[PDB]
Each structure stands twice: as structure tokens, then as C-alpha cells.
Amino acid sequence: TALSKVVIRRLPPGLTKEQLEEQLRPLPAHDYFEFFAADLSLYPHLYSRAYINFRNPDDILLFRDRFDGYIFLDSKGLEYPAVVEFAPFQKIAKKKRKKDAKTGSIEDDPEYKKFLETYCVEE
């Protein structure tokens, strides 16, 4: 096949998904559109990013040409030239097996409970 997953990276950290969805509207057809915030561990270098998987592997030429380099602005007004390129990992979450039965049952666990007893005493 041909590549279809696009990454929009080096976005301002204070940018939300709604703010990005408005600046991008109307984006082409896509089965995948996720947004990811900043990490904070590298405190001087916060950048949010988004991923989009296009249905037609040819509308990327137009999209890339419209936003590759697009400048975003934060509250202080600093410029964030966006980077729009093919995501280096082309796989995406596919709708599918049966749900896991233990999801959300950690509170009713002895090892956890014991940990809460020991973590209750801290500082």
C-alpha cells in the first residue's frame, strides 16, 4: 500500500484539541485523529502534537502544503512553526477482541490496598 498516517508536531504546548480542530477545519476525511499534550519532563521544551490517518492517500499533498510551516501562537505570542510530515510509525488503533475483565478493579486488590496503607504514611 501507500503511507497514510500524518503527524503534526512541534505545536505550542498550551494548544488544545478544539483550538487545533478550528485552525485545521475543514480537514479531509480521516479514520484517526488524536491529540497529545506536552510531557513536562524536559521542562524547557514542551511541544504538543497530533496524528491523522487519511482515507485517501493523496489529499496529504494539499494538507501538507497548507500547514507544513504554519505558525501557531501561544498566549505570550511566541511563534511555533508546525512540522507536517509522515509519522515514523504508520500503524493505528484498529477497532476490534473482547474487553478485559479486570479493567478498573485495582482498588479491590490486596497488594494495592497494602500499598495504600504504606503510602498513607509518607513525608
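Sequential numbering from 1, following the sequence displayed.
(message) If you average the CA temperature factors as listed in the entry, which stretch comes out higher, 3 to 11 or 112 to 120?
(response) Of 3 to 11 and 112 to 120, the stretch with the higher C-alpha B-factor average is 112 to 120.
(message) Quick check on the record: does 83 to 91 or 25 to 33 carry the larger mean Cα temperature factor?
(response) If you average the C-alpha B-factors of 25 to 33 and of 83 to 91, the larger mean comes out for 25 to 33.
(message) Going by the CA temperature factor in the PDB record, which third of the chain does residue 62 belong to: lowest, middle or highest?
(response) Tercile = highest for this residue's CA B-factor.
(request) Select lowest, middle or highest to describe the third in which the CA B-factor of residue 53 falls within its chain in this entry. (result) It belongs to the middle third of the chain when residues are ordered by C-alpha B-factor.
(message) How does the C-alpha B factor of residue 38 compare with the rest of the chain: lowest, middle or highest third?
(response) Top third by C-alpha B-factor.
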